[PDB]
Peer 1: 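Have a look at the structure that comes next, please.
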Amino acid sequence: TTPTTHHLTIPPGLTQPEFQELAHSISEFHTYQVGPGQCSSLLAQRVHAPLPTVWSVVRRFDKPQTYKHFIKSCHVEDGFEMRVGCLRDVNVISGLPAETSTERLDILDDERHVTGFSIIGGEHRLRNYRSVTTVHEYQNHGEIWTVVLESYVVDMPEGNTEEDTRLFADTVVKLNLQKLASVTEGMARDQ
Amino acid sequence: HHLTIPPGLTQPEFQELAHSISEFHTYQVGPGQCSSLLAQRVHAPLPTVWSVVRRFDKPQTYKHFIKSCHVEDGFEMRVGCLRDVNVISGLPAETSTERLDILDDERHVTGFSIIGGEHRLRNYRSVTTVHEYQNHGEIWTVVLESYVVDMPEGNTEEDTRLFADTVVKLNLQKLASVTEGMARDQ
Ligand SMILES: CC1=CC(=O)CC(C)(C)[C@@]1(O)/C=C/C(C)=C\C(=O)O
Ligand SMILES: CC1=CC(=O)CC(C)(C)[C@@]1(O)/C=C/C(C)=C\C(=O)O
């Protein structure tokens, strides 16, 4: 039941001035109860596109393939809509052939720009994976840009280290953030 | 392989490189094997790209999923040199011993093979070349990276290349990013 002393160290991807405005956001959405057989992390990605552009992409639970790599396809239900509890099936691109991922939408607030999900089924090391992602705007005496924060807590596999598990998860997440920043800086530049 | 332009290349570029593909990116692939060629155009000078592509000891400088790369103590950056690589994936136990096969600093060609280690995709062989291209002014580099890999039992030719293609395109993106950033910072 131990917390996650998280808002005390800069995530790479964030200058110090930005890590100030987000102290409260990090403590509110990106701190977890991790202690027994679990690990967690927070990653940051600076996007140079308007915040509504970013959130319009970030919010689509049904098209994660739009900003994450390694997704052959995502299937939602016909009787589904963009709401907490809706389920999506993800076909993964990996070394094995029949690798799917059943994920449940846990959070989705179109006014605080908060979203999050959990992995409820499918074959993988990352067991009991749960993620929260928030979107923030920044205005540095002038330019104005978005900041995306993504955190997770995940059951560390047995025999697999804490580092090797976060190290992998960090990389997956960092690269999707890079992808989102590009898809969205690409809608923005053309405006 | 020439039955499709590599994604990342227009036709004017696939023409100038036909000879280079046939000379360096063609493989002896039969059943239980698959091969692909990816292209990434980098907007940095060719010596800038090549200086990074050629470091057989620092693959992490342009590749994802690398916890650490170890060379030999007597690092002769030479054909036959070995590098032992820990990969970040589904376990802390994904290893790869890799041999340097080719290295022509004159043709800007390098290449390696995976000779040992634990992973599903065994007998991986890859080549990388670098080229300069010029369409109506603007000179840019083109990086071609090809491979052949023994496809596992139960994994289709699509499902295997789809995965291997992804890693390569992504390492290609990173290299374009590292080198265009070296160019801009100079
Ligand atoms: C790449 C991959 C491999 C696995 O073994 C688990 C799972 C299939 C869930 C995953 O898609 C992981 C996705 C993660 C960590 C984050 C996301 O999607 O934002
Ligand atoms: C990380 C990993 C996982 C696999 O399943 C295949 C293999 C073991 C070959 C690999 O090292 C892939 C290496 C690739 C694609 C390129 C390289 O090294 O330039």
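As a basis for the values below, the full set of heavy atoms in this structure was taken, side chains included, without hydrogen atoms, waters or symmetry mates. Naming: A, B, ... by sequence-line order, numbering from 1 per chain.
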Peer 1: Does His1(B) NE2 have over 12 foreign heavy atoms under 6.0 Å away?
Peer 2: yes
Peer 1: Would a 4.5 Å heavy-atom cut-off, applied to side chains only, mark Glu163(A) and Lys67(B) as touching?
Peer 2: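 Yes, their side chains come closer than 4.5 Å.
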Peer 1: Closest approach of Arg125(A) and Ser89(B), non-hydrogen atoms and distance?
Peer 2: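 That would be NE-O, 4.0 Å.
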Peer 1: Hey, quick one: are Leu46(B) and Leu103(B) part of the same hydrophobic cluster, counting side-chain heavy atoms closer than 4.5 Å, chains of contacts allowed?
Peer 2: yes
Peer 1: Heavy-atom count around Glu157(B) CD within 6.0 Å, excluding the residue itself: above 12?
Peer 2: yes
Peer 1: Using the six-membered ring wherever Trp is involved, compare the ring planes of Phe70(A) and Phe65(B) and label them parallel, tilted or perpendicular (cut-offs 30° and 60°).
Peer 2: perpendicular
Peer 1: If you draw a 6.0 Å radius around NE2 in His75(A), do more than 12 non-hydrogen atoms from other residues or ligands fall strictly inside?
Peer 2: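 Open.
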Peer 1: Taking atom CZ of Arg41(B) as the centre, report whether more than 12 heavy atoms of other residues, nucleotides or ligands fall under 6.0 Å from it.
Peer 2: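 Atom CZ in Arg41(B) is packed in, count exceeds 12.
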Peer 1: What's the separation between atom OG1 in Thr165(A) and atom CD1 in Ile88(B), rounded to the nearest 0.5 Å?
Peer 2: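 Those atoms lie 11.5 Å apart.
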Peer 1: Among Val172(A), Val92(A), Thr161(A), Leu96(A), who wins on heavy-atom pairs under 4.5 Å with chain B?
Peer 2: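 Answer, by heavy-atom pair count under 4.5 Å with chain B: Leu96(A).
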Peer 1: Which heavy-atom pair separates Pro92(B) from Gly159(A) by the least distance, and what is that distance?
Peer 2: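 Closest heavy-atom pair between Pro92(B) and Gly159(A): CG-O, 3.6 Å.
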Peer 1: Name the option with the most non-hydrogen atom pairs under 4.5 Å to chain A; the candidates are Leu121(B), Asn155(B), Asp159(B).
Peer 2: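 The answer is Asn155(B).
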Peer 1: Counting only heavy atoms not in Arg122(B) (residues, nucleotides, ligands), do more than 12 fall under 6.0 Å from its CZ?
Peer 2: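 Yes, enclosed.
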Peer 1: For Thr171(A), is it the side chain, the backbone, both, or neither that has a heavy atom closer than 4.5 Å to a heavy atom of chain B?
Peer 2: side chain
Peer 1: Starting at CD of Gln178(A), measure out to CD of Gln173(B) and round the result to the nearest 0.5 Å.
Peer 2: 8.5 Å
Peer 1: Would the number of heavy atoms belonging to other residues, nucleotides or ligands and lying under 6.0 Å from CD of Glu153(B) be above 12?
Peer 2: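 No, not enclosed.
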